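Chain residues, written in single-letter form:
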Amino acid sequence: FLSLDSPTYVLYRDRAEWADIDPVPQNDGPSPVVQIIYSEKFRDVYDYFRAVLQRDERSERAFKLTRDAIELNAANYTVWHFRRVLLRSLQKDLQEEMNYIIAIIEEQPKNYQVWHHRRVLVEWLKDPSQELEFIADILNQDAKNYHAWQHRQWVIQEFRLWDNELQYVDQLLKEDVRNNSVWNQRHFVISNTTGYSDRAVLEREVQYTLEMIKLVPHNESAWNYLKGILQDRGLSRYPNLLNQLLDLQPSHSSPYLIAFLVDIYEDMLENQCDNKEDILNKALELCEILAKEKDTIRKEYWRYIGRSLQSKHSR
Amino acid sequence: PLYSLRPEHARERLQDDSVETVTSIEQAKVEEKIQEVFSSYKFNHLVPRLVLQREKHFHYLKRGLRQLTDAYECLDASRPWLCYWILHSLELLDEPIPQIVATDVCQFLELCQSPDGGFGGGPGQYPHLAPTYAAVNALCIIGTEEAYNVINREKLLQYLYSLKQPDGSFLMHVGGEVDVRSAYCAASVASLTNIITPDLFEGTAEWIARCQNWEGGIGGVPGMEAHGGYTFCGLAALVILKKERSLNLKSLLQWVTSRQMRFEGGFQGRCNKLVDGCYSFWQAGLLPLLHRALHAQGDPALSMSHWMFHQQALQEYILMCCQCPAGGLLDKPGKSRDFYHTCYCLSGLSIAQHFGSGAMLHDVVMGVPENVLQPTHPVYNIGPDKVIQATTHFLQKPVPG
Ligand SMILES: CC(C)=CCC/C(C)=C/CC/C(C)=C/COP(=O)(O)OP(=O)(O)O
Ligand SMILES: [Zn+2]
């Protein structure tokens, strides 16, 4: 109704409909600390929310009062809770409220409180129909919005809407193959559908990831995904991989590439491979090439690795 | 010279493989801007330039601790958080807390303690693990009997119980949701006040472990992209519950190291995401923990003087790119300053400044010797002497039942 910026906005202390209620001022003690010098409007609204909350007043007026309160500080979880308490108590039109939250989220796409409320409204309605589309719009604003990603996942699990997300992941990856949030989504879908143990699935992915690395040789996301989907499986178990990786070495190297080989060699040593010394040296070599040259930032890391390979594969 | 200034450092710049994407673009931008900052110190120096503006910082904190402007209205429900951020910030700056503010802090938090246990974003607000973690943490920094006695232990345990879930998780507040951070809040609080019962953390470790993702990091809820914040909360939580082994520590370590920006020298919170001063703690805070863990598992290949990250490189970014002239610290160059970041960047620097494992101690202080901050506990992110002081005090008392 009356926006907090309206030229004609009126204080709750001067609203007749609220006359009967004695606002409750917040108490911070005799000598406040970390005390905010609230604006007059802010203090006013909250002086009345405190009064509404105190007597647990389940009225329509209070429901509307929460709107302003939220505008004034959408982070107020307490306000967010009581509003829902009211929506229930006043049998509120949930779709109307859905329209409310839609508008609000687009406004503060980074607020946790806002998405939580959407979530509740969604399980209440048991209707996820608007979700995927809406999240897609928010993700157009910020394709890495953690909150927007968590919600999509919940929606997809709760409502088992796995059918077209993998295509969505492809869409988003073409838009930005460096979007880690999307690579995670890809893993999420697959581990939640075919599973990665389906060898036909593991092959399609490893191949996909390899083409991706080929295009953007320095994109860490791709590399991380590859390592992820094969690490527990034992990198050294895939001889063809090692051969294709070494093939990138010329026109497609990077510290990630070298890093991956290190792991491969590391796995070989664990698996008690042949030419133990030859490999150990191939590994220690790279560790130093990284430590001192290609990945100096992680020099501390690389020295420990090398130190480890030695500690259990020498003499 | 300085890592960020050496000739070869121009090589650590982003190679977008000629394939521009929203990611490569924004990253390059920050790089160019930081490079600008870098050039400034390479260019001029005749007296030491890497200096922590303690003076300015102390004013910012000393003021905030008392009053805030309405810009802070957005945090009206995060007031205990401000007591913490500030008090921790001063502590690291080795600034002592005057007995009066100490008592006033106590009294404000008292007013923020729900009758039903825990603490809310302010007086008369529903309790929430977050401000709760905060308030407790802040009370222990004051470290007084007065401070400790504010916490109604009996109620604190019941509250923890109300948020406790079957699968091992905890709600952030009643009617809220869960994520790793809440688990961390509980773990933290309970251990310090000594209120851990045989079943309070039943299944919690497994839950948290289920959050560690393919990348080796930890998201908030299982499936989610791995992220510094949650990752820290996760492992620390585990460290408290003595369950770190539940996680694939190998993948976690490799991941963390991979969060430090080669060029910038600081830490990102997610892969392919920008650098941020706060992660200086979040991300770099992991290393001392993983070290503890691996060390406990007799890992022989561990360093006896350094954390597994470019300590030198982080301090430089902090000092060179995260200090505000008016006081306080921040995100990255083009951002506004705030107590939040002021707490974390400092925490992060102290982390990178002090190493300790067994009897081995070895500092690394970039810039003037005076830049040494008070060390911080990698778990609670408060003074180690403070932790020791509090647990000792609460272990005098029996766990509620
Ligand atoms: C103890 C505790 C509560 C820890 C949590 C730490 C923390 C600040 C976590 C979440 C970060 C987040 C979702 C930031 C919003 O910016 P963004 O998501 O766009 O970008 P960013 O992930 O790089 O910050
Ligand atoms: Zn930040």
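With that out of the way, let us pick up unusual backbone geometry. In this structure, A:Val34 takes a positive phi of about 40° despite not being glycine. Residue placement: A:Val34 occurs in the segment before strand 1 (35-36). What makes A:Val34 buried here is its relative accessible area of 0%. A positive phi angle, close to 50°, is found at B:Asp17, a residue other than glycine. Structurally, B:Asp17 can be placed in the segment before helix 1 (22-43).

With that settled, consider the interface of chain B and chain A. How big an interface is tends to be reported as the loss of accessible area on association of its parts. Taken together, the contacts link 88 residues of chain B with 72 residues of chain A. Surface buried jointly by chain B and chain A totals about 6,700 Å² across both partners, of which 49% is contributed by carbon and sulfur atoms. Its largest share of buried area at the contact with chain A, chain B owes to B:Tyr126, B:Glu177 and B:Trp214, together 13% of the area lost on that side. For A:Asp28, the salt bridge goes to B:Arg79, with nearest N and O atoms at 2.6 Å.

Time to look at the site of ligand 1. For ligand 1, the full set of nearby residues is A:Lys110, B:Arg181, B:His227, B:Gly229, B:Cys233, B:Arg270, B:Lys273, B:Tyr279 and B:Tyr340. Residues within reach of ligand 1 are spread across chains A and B. Within the side chain of B:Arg270, one N or O atom sits 3.2 Å away from an oxygen atom of ligand 1. In isolation ligand 1 exposes 610 Å². Once the protein is present, 78% of that is buried.

Before going further, it helps to spend a moment on the UniProt feature "binding site: Zn(2+)" in chain B. Residue and element names in this part refer to chain B. Here the UniProt-annotated "binding site: Zn(2+)" positions come out as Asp 276, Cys 278 and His 341. In three dimensions, the annotated residues from a span of 66 residues occupy one location, with a maximal C-alpha spread of 9.0 Å. Residue placement: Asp 276 occurs in the loop between helix 11 (249-257) and helix 12 (279-296). Under the relative-accessibility criterion, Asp 276 is labelled buried at 12%. Sequence-distant contacts of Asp 276, that is, excluding residues within four places in its chain, are made with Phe 267, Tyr 317, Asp 331 and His 341. Looking at the element boundaries, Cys 278 is found in the loop between helix 11 and helix 12. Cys 278 sits in the buried class, given a relative accessible area of 2%.

In the structure shown here, the tally under the stated rule is six cavities of 30 Å³ or more. Considering only enclosed or pocket space, the largest cavity measures out at about 260 Å³ in volume. Considering the residues around the largest cavity, the lining is formed by 20 residues, among which A:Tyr256, A:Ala259, A:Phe260, B:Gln254 and B:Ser258 are closest to the centre. Residue contributions to the lining of the largest cavity peak at seven residues, all from helix 13 (residues 255-270) of chain A. Taken together, the residues that form the lining of the largest cavity break down as nine nonpolar, four polar and seven charged. In this structure, the second largest cavity encloses a volume near 90 Å³. With four residues, the top contributor of residues to the lining of the second largest cavity is helix 1 (residues 40-54) of chain A.

Time to look at the coordination of the zinc ion (ligand 2). Listed as protein donors to the zinc ion (ligand 2) are B:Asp276 (OD), B:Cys278 (SG) and B:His341 (NE2); their distances from the metal cover 2.4 to 2.6 Å. Mapping the donors of the zinc ion (ligand 2) onto the primary sequence gives the spacing D-x1-C-x62-H.

Moving on, we come to the UniProt feature "repeat: PFTA" in chain A. In the numbering adopted here, UniProt assigns the feature "repeat: PFTA" to residues 58-92, 93-127, 128-160, 161-195 and 201-235 of chain A. Helix makes up 80% of residues 93-127 of chain A and strand 0%, with an end-to-end C-alpha separation of 14 Å.

Turning our attention to the pattern of salt bridges. Residues and elements named next belong to chain A. Scanning the entire structure with this criterion turns up 39 salt bridges over all chains. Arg 55 is the salt-bridge partner of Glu 57, the closest N and O atoms lying 3.1 Å from each other. Taking the shortest distance from any N to any O, the salt bridge between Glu 97 and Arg 83 comes out at 2.8 Å. Here the residue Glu 97 occupies a position in helix 4 (residues 94-107), and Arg 83 occupies one in helix 3 (residues 77-89), the gap between them amounting to 14 residues. Taken together, the shared-partner salt bridges connect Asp 20, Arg 55, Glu 57 and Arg 61 into one network.

Scoring rules and cut-offs
Residues numbered from 1 in each chain as written, not as in the entry; some residues may be left out. Chains lettered and ligands numbered in written order. Heavy atoms only, no water. Helix = DSSP H or I, 4+ residues; strand = E, 2+ residues; numbered from the N terminus. Buried < 20%, exposed > 50% of the residue type's maximum accessible area, 1.4 Å probe, protein only. Contact = heavy atoms within 4.5 Å. Buried area = accessible area lost by both parts, 1.4 Å probe. Salt bridge = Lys/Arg side-chain N within 4 Å of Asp/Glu carboxyl O. Near = heavy atom within 4 Å. Polar contact = N/O pair within 3.5 Å; in protein donor to acceptor, adjacent residues only side chain to side chain. Areas by Shrake-Rupley, 256 points an atom, 1.4 Å probe, with all protein chains shown as cover. UniProt positions renumbered as here; feature names shortened; annotations may be inferred. 1 Å grid on protein atoms, 1.4 Å probe; cavity = no way out; pocket = protein on both sides within 12 Å on 5 of 7 lines; lining within 4 Å. Points joined across faces, edges and corners; volume = space filled by probe spheres on them. Nonpolar A, V, L, I, M, F, W, Y, C, P; charged D, E, K, R; others polar. Donors = N, O, S within 2.8 Å, 3.2 Å for Na, K, Ca; no water.

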